[PDB]
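**Student:** Below you'll find final_4.pdb; it's PDB, C-alpha atoms (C1' of nucleotides).
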```pdb
MODEL        1
ATOM      1  CA  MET A   1       0.000   0.000   0.000
ATOM      2  CA  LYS A   2       1.031   3.695   0.078
ATOM      3  CA  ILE A   3       0.081   6.918   1.915
ATOM      4  CA  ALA A   4      -2.595   8.786  -0.083
ATOM      5  CA  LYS A   5      -2.864  11.855   2.210
ATOM      6  CA  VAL A   6      -1.382  12.626   5.656
ATOM      7  CA  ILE A   7      -4.253  13.785   7.908
ATOM      8  CA  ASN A   8      -2.094  14.350  11.032
ATOM      9  CA  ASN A   9       1.187  13.156  12.667
ATOM     10  CA  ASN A  10      -0.652  10.020  13.982
ATOM     11  CA  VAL A  11      -3.218   9.482  11.175
ATOM     12  CA  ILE A  12      -2.775   9.015   7.384
ATOM     13  CA  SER A  13      -4.832   7.759   4.417
ATOM     14  CA  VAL A  14      -3.809   4.898   2.082
ATOM     15  CA  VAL A  15      -5.333   3.160  -0.971
ATOM     16  CA  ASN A  16      -5.523  -0.622  -0.477
ATOM     17  CA  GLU A  17      -4.330  -2.992  -3.248
ATOM     18  CA  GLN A  18      -8.032  -3.577  -4.046
ATOM     19  CA  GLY A  19      -8.556   0.184  -4.576
ATOM     20  CA  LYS A  20     -10.376   1.138  -1.338
ATOM     21  CA  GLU A  21      -9.576   4.214   0.772
ATOM     22  CA  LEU A  22      -8.247   3.302   4.234
ATOM     23  CA  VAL A  23      -7.043   5.416   7.181
ATOM     24  CA  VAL A  24      -4.265   4.314   9.568
ATOM     25  CA  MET A  25      -3.959   5.991  12.995
ATOM     26  CA  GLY A  26      -1.000   5.168  15.253
ATOM     27  CA  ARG A  27       1.668   6.617  17.565
ATOM     28  CA  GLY A  28       3.525   9.119  15.358
ATOM     29  CA  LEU A  29       2.989   6.828  12.321
ATOM     30  CA  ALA A  30       2.280   9.969  10.234
ATOM     31  CA  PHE A  31       4.589  12.650  11.730
ATOM     32  CA  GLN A  32       6.299  14.810   9.049
ATOM     33  CA  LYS A  33       5.316  12.159   6.456
ATOM     34  CA  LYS A  34       4.099  12.398   2.828
ATOM     35  CA  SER A  35       2.066  10.434   0.243
ATOM     36  CA  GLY A  36       3.738   7.635  -1.769
ATOM     37  CA  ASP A  37       5.534   5.848   1.110
ATOM     38  CA  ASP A  38       4.169   2.535   2.463
ATOM     39  CA  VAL A  39       2.240   2.826   5.761
ATOM     40  CA  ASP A  40       4.390   1.570   8.679
ATOM     41  CA  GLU A  41       2.457  -1.555   9.797
ATOM     42  CA  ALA A  42       4.504  -1.682  13.048
ATOM     43  CA  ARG A  43       2.958   1.642  14.176
ATOM     44  CA  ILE A  44      -0.648   0.892  13.061
ATOM     45  CA  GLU A  45      -3.035   1.226  16.034
ATOM     46  CA  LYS A  46      -6.396   1.671  14.248
ATOM     47  CA  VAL A  47      -7.253   1.152  10.544
ATOM     48  CA  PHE A  48     -10.495   2.668   9.186
ATOM     49  CA  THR A  49     -12.164   1.585   5.930
ATOM     50  CA  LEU A  50     -14.200   3.855   3.605
ATOM     51  CA  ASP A  51     -17.931   3.062   3.950
ATOM     52  CA  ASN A  52     -21.102   4.176   2.103
ATOM     53  CA  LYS A  53     -22.465   7.440   3.605
ATOM     54  CA  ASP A  54     -25.932   6.515   2.221
ATOM     55  CA  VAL A  55     -26.465   4.091   5.133
TER      56      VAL A  55
ATOM     57  CA  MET B   1     -24.291  11.368  16.161
ATOM     58  CA  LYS B   2     -21.361  13.272  17.745
ATOM     59  CA  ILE B   3     -17.775  14.310  16.912
ATOM     60  CA  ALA B   4     -15.476  11.980  18.897
ATOM     61  CA  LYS B   5     -12.255  13.456  17.437
ATOM     62  CA  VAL B   6     -10.920  15.630  14.580
ATOM     63  CA  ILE B   7      -7.788  15.101  12.454
ATOM     64  CA  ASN B   8      -8.196  18.060  10.046
ATOM     65  CA  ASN B   9     -10.789  20.581   8.734
ATOM     66  CA  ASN B  10     -12.079  17.863   6.319
ATOM     67  CA  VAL B  11     -11.989  14.606   8.355
ATOM     68  CA  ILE B  12     -13.171  13.807  11.915
ATOM     69  CA  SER B  13     -13.907  10.709  14.057
ATOM     70  CA  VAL B  14     -17.333   9.718  15.490
ATOM     71  CA  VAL B  15     -18.900   6.853  17.502
ATOM     72  CA  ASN B  16     -22.284   5.331  16.551
ATOM     73  CA  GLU B  17     -24.797   3.201  18.532
ATOM     74  CA  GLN B  18     -22.702   0.036  17.923
ATOM     75  CA  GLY B  19     -19.892   1.484  20.110
ATOM     76  CA  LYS B  20     -17.378   1.475  17.213
ATOM     77  CA  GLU B  21     -15.192   4.353  15.987
ATOM     78  CA  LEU B  22     -15.905   5.725  12.490
ATOM     79  CA  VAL B  23     -14.206   8.521  10.515
ATOM     80  CA  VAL B  24     -16.201  11.056   8.465
ATOM     81  CA  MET B  25     -14.363  12.771   5.588
ATOM     82  CA  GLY B  26     -15.814  15.926   4.010
ATOM     83  CA  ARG B  27     -14.718  19.333   2.695
ATOM     84  CA  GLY B  28     -13.972  21.871   5.490
ATOM     85  CA  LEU B  29     -16.603  20.174   7.719
ATOM     86  CA  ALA B  30     -14.286  20.110  10.787
ATOM     87  CA  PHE B  31     -13.165  23.754  10.383
ATOM     88  CA  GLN B  32     -14.161  25.837  13.451
ATOM     89  CA  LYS B  33     -15.831  22.661  14.841
ATOM     90  CA  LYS B  34     -15.216  20.648  18.051
ATOM     91  CA  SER B  35     -15.883  17.227  19.644
ATOM     92  CA  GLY B  36     -19.287  16.572  21.272
ATOM     93  CA  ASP B  37     -21.433  18.316  18.617
ATOM     94  CA  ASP B  38     -23.456  16.205  16.145
ATOM     95  CA  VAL B  39     -21.540  15.390  12.929
ATOM     96  CA  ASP B  40     -22.958  17.402   9.985
ATOM     97  CA  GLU B  41     -24.561  14.656   7.836
ATOM     98  CA  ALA B  42     -24.875  17.065   4.861
ATOM     99  CA  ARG B  43     -21.081  17.636   4.912
ATOM    100  CA  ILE B  44     -20.329  13.861   5.003
ATOM    101  CA  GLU B  45     -18.573  13.026   1.708
ATOM    102  CA  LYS B  46     -16.910   9.698   2.649
ATOM    103  CA  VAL B  47     -17.446   7.650   5.844
ATOM    104  CA  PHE B  48     -14.932   5.214   7.392
ATOM    105  CA  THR B  49     -14.988   2.433  10.006
ATOM    106  CA  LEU B  50     -12.356   1.097  12.447
ATOM    107  CA  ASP B  51     -10.942  -2.322  11.438
ATOM    108  CA  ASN B  52      -8.355  -4.851  12.707
ATOM    109  CA  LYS B  53      -4.782  -3.974  11.593
ATOM    110  CA  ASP B  54      -3.882  -7.689  12.010
ATOM    111  CA  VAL B  55      -5.602  -8.581   8.704
TER     112      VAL B  55
ATOM    113  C1'   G C   1       2.587  31.400   3.321
ATOM    114  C1'   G C   2      -1.707  33.729   6.497
ATOM    115  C1'   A C   3      -5.203  31.752   9.274
ATOM    116  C1'   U C   4      -8.148  28.077  11.374
ATOM    117  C1'   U C   5      -8.621  23.328  13.475
ATOM    118  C1'   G C   6      -6.271  18.824  14.964
ATOM    119  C1'   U C   7      -2.256  16.040  17.558
ATOM    120  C1'   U C   8       0.292  10.778  20.531
ATOM    121  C1'   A C   9       5.838  12.172  17.452
ATOM    122  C1'   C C  10       9.644  14.397  19.465
ATOM    123  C1'   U C  11      11.205  18.774  21.530
ATOM    124  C1'   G C  12      11.582  23.307  24.833
ATOM    125  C1'   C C  13       9.850  24.925  29.189
ATOM    126  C1'   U C  14       7.745  23.893  34.427
ATOM    127  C1'   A C  15       4.247  25.425  37.959
ATOM    128  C1'   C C  16       6.989  19.802  36.005
ATOM    129  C1'   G C  17      -0.064  20.353  36.528
ATOM    130  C1'   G C  18       0.949  20.530  31.957
ATOM    131  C1'   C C  19       2.047  23.971  28.499
ATOM    132  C1'   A C  20       3.838  25.726  23.877
ATOM    133  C1'   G C  21       6.810  24.708  19.548
ATOM    134  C1'   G C  22       6.751  21.626  15.705
ATOM    135  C1'   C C  23       3.756  18.677  12.387
ATOM    136  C1'   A C  24      -0.447  18.215   9.347
ATOM    137  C1'   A C  25      -4.958  19.667   6.663
ATOM    138  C1'   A C  26      -9.672  19.559   1.224
ATOM    139  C1'   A C  27     -11.919  25.998   5.232
ATOM    140  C1'   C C  28     -11.035  30.900   4.069
ATOM    141  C1'   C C  29      -7.512  34.830   2.510
TER     142        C C  29
ENDMDL
END
```
Represent the structure from my file as structure tokens, please.
**Tutor:**
Amino acid sequence: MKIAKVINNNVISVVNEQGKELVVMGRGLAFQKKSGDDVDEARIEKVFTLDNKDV
Amino acid sequence: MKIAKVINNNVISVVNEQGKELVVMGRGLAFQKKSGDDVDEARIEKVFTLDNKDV
RNA sequence: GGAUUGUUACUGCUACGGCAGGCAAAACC
């Protein structure tokens, strides 16, 4: 995977291999980071998955 | 609904009746906003849901 | 950038309670 958009120093977005938008929050797993690098799985505390807002 | 947390003016976290954490992405929906208030459903562009980083 | 919000790195400070810097963001200027 890869960072799609850094939301904060402990939260970043990332497109899954399938093509879904996912968010990865963790202890400083997004500090001074950028898009294109793989999300550090060792610092992943919570992963969110894009859902349908219609529901 | 309610704003549990905020990462940036466009994305924020929120807890539903299931007791799970969900992230709500939108355009400038978190600007000048805070936690505790109901999440603006009209500003919800993409919703997210906490998952297990183990998978 | 400016500003406005967010924050858990790490840092500087201390009253050593935390607090601010930094860092980030798709408002707006």
**Student:** Just need the residues of chain A within 6 Å of chain B, counting all atoms listed in the file, so spit them out as a ChimeraX atom specification.
**Tutor:** /A:7-8,47-51,53
**Student:** If you superpose chain B onto chain A over the full set of Cα atoms in sequence order, what number do you get for the RMSD in Å?
**Tutor:** 0.7 Å
**Student:** Do you know which residues are at most 9 Å from stretch 4-16 of chain C counting only C-alpha atoms (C1' of nucleotides), after dropping those on the same chain fewer than 6 positions away, and could you put them as a list in words?
**Tutor:** residues 7, 8, 9, 10, 26, 27, 28, 29, 30, 31 and 32 of chain A; 5, 6, 7, 8, 9, 30, 31, 32, 33 and 34 of chain B; 22, 23, 24, 25, 27 and 28 of chain C
**Student:** If we count all atoms listed in the file and set the cut-off at 6 Å, which residues sit around residue B:2, ignoring sequence neighbours fewer than 3 positions away in its own chain? Please answer as a ChimeraX atom specification.
**Tutor:** /B:14,36-39
**Student:** Could you please determine the separation between atom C1' of residue C:26 and atom CA of residue A:16 in Å, to one decimal place?
**Tutor:**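 Atom-to-atom, atom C1' of residue C:26 to atom CA of residue A:16, that is 20.7 Å.
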**Student:** As a check of understanding, name the residues that the PyMOL selection byres ((chain C and resi 2) around 9) selects in the supplied structure, as a ChimeraX atom specification.
**Tutor:** /C:1,3,29
**Student:** Using the partial input, fill out stretch 26-52 of chain A with N, CA and C atoms; write the result as a PDB file, in the coordinates of the input.
**Tutor:**
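As written to disk, rebuild13.pdb reads:
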```pdb
ATOM      1  N   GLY A  26      -1.994   5.875  14.399  1.00  0.00           N
ATOM      2  CA  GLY A  26      -1.000   5.168  15.253  1.00  0.00           C
ATOM      3  C   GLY A  26      -0.092   6.178  15.950  1.00  0.00           C
ATOM      4  N   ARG A  27       0.746   5.707  16.833  1.00  0.00           N
ATOM      5  CA  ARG A  27       1.668   6.617  17.565  1.00  0.00           C
ATOM      6  C   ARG A  27       2.709   7.200  16.610  1.00  0.00           C
ATOM      7  N   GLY A  28       2.555   8.449  16.268  1.00  0.00           N
ATOM      8  CA  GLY A  28       3.525   9.119  15.358  1.00  0.00           C
ATOM      9  C   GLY A  28       3.762   8.296  14.084  1.00  0.00           C
ATOM     10  N   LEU A  29       2.765   7.606  13.573  1.00  0.00           N
ATOM     11  CA  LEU A  29       2.989   6.828  12.321  1.00  0.00           C
ATOM     12  C   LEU A  29       2.769   7.744  11.102  1.00  0.00           C
ATOM     13  N   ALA A  30       2.515   9.011  11.344  1.00  0.00           N
ATOM     14  CA  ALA A  30       2.280   9.969  10.234  1.00  0.00           C
ATOM     15  C   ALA A  30       3.014  11.297  10.477  1.00  0.00           C
ATOM     16  N   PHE A  31       3.884  11.365  11.460  1.00  0.00           N
ATOM     17  CA  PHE A  31       4.589  12.650  11.730  1.00  0.00           C
ATOM     18  C   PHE A  31       5.487  13.047  10.554  1.00  0.00           C
ATOM     19  N   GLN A  32       5.445  14.306  10.174  1.00  0.00           N
ATOM     20  CA  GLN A  32       6.299  14.810   9.049  1.00  0.00           C
ATOM     21  C   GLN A  32       6.402  13.768   7.923  1.00  0.00           C
ATOM     22  N   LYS A  33       5.292  13.188   7.535  1.00  0.00           N
ATOM     23  CA  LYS A  33       5.316  12.159   6.456  1.00  0.00           C
ATOM     24  C   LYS A  33       4.698  12.714   5.167  1.00  0.00           C
ATOM     25  N   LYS A  34       4.685  11.927   4.118  1.00  0.00           N
ATOM     26  CA  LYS A  34       4.099  12.398   2.828  1.00  0.00           C
ATOM     27  C   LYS A  34       3.393  11.240   2.112  1.00  0.00           C
ATOM     28  N   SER A  35       2.775  11.512   0.990  1.00  0.00           N
ATOM     29  CA  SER A  35       2.066  10.434   0.243  1.00  0.00           C
ATOM     30  C   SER A  35       3.036   9.700  -0.689  1.00  0.00           C
ATOM     31  N   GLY A  36       2.838   8.418  -0.874  1.00  0.00           N
ATOM     32  CA  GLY A  36       3.738   7.635  -1.769  1.00  0.00           C
ATOM     33  C   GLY A  36       4.495   6.572  -0.966  1.00  0.00           C
ATOM     34  N   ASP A  37       4.794   6.843   0.279  1.00  0.00           N
ATOM     35  CA  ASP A  37       5.534   5.848   1.110  1.00  0.00           C
ATOM     36  C   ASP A  37       4.570   4.798   1.672  1.00  0.00           C
ATOM     37  N   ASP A  38       5.051   3.607   1.908  1.00  0.00           N
ATOM     38  CA  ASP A  38       4.169   2.535   2.463  1.00  0.00           C
ATOM     39  C   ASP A  38       3.841   2.835   3.929  1.00  0.00           C
ATOM     40  N   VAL A  39       2.631   2.558   4.344  1.00  0.00           N
ATOM     41  CA  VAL A  39       2.240   2.826   5.761  1.00  0.00           C
ATOM     42  C   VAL A  39       2.997   1.883   6.706  1.00  0.00           C
ATOM     43  N   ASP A  40       3.633   2.425   7.716  1.00  0.00           N
ATOM     44  CA  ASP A  40       4.390   1.570   8.679  1.00  0.00           C
ATOM     45  C   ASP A  40       3.423   0.660   9.447  1.00  0.00           C
ATOM     46  N   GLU A  41       3.385  -0.605   9.103  1.00  0.00           N
ATOM     47  CA  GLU A  41       2.457  -1.555   9.797  1.00  0.00           C
ATOM     48  C   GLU A  41       2.838  -1.738  11.274  1.00  0.00           C
ATOM     49  N   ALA A  42       4.082  -1.517  11.622  1.00  0.00           N
ATOM     50  CA  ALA A  42       4.504  -1.682  13.048  1.00  0.00           C
ATOM     51  C   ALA A  42       3.880  -0.596  13.935  1.00  0.00           C
ATOM     52  N   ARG A  43       3.560   0.539  13.368  1.00  0.00           N
ATOM     53  CA  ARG A  43       2.958   1.642  14.176  1.00  0.00           C
ATOM     54  C   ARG A  43       1.453   1.792  13.889  1.00  0.00           C
ATOM     55  N   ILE A  44       0.815   0.780  13.349  1.00  0.00           N
ATOM     56  CA  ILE A  44      -0.648   0.892  13.061  1.00  0.00           C
ATOM     57  C   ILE A  44      -1.465   0.535  14.307  1.00  0.00           C
ATOM     58  N   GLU A  45      -2.198   1.485  14.825  1.00  0.00           N
ATOM     59  CA  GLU A  45      -3.035   1.226  16.034  1.00  0.00           C
ATOM     60  C   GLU A  45      -4.498   1.021  15.627  1.00  0.00           C
ATOM     61  N   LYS A  46      -4.978   1.808  14.695  1.00  0.00           N
ATOM     62  CA  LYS A  46      -6.396   1.671  14.248  1.00  0.00           C
ATOM     63  C   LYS A  46      -6.504   1.903  12.735  1.00  0.00           C
ATOM     64  N   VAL A  47      -7.109   0.984  12.023  1.00  0.00           N
ATOM     65  CA  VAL A  47      -7.253   1.152  10.544  1.00  0.00           C
ATOM     66  C   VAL A  47      -8.726   1.361  10.190  1.00  0.00           C
ATOM     67  N   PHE A  48      -9.065   2.447   9.552  1.00  0.00           N
ATOM     68  CA  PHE A  48     -10.495   2.668   9.186  1.00  0.00           C
ATOM     69  C   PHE A  48     -10.710   2.379   7.703  1.00  0.00           C
ATOM     70  N   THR A  49     -11.876   1.913   7.355  1.00  0.00           N
ATOM     71  CA  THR A  49     -12.164   1.585   5.930  1.00  0.00           C
ATOM     72  C   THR A  49     -13.322   2.430   5.387  1.00  0.00           C
ATOM     73  N   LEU A  50     -13.135   3.012   4.227  1.00  0.00           N
ATOM     74  CA  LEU A  50     -14.200   3.855   3.605  1.00  0.00           C
ATOM     75  C   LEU A  50     -15.529   3.090   3.523  1.00  0.00           C
ATOM     76  N   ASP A  51     -16.584   3.705   3.982  1.00  0.00           N
ATOM     77  CA  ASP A  51     -17.931   3.062   3.950  1.00  0.00           C
ATOM     78  C   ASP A  51     -18.901   3.896   3.103  1.00  0.00           C
ATOM     79  N   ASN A  52     -20.104   3.414   2.913  1.00  0.00           N
ATOM     80  CA  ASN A  52     -21.102   4.176   2.103  1.00  0.00           C
ATOM     81  C   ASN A  52     -21.882   5.144   3.001  1.00  0.00           C
TER      82      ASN A  52
END
```
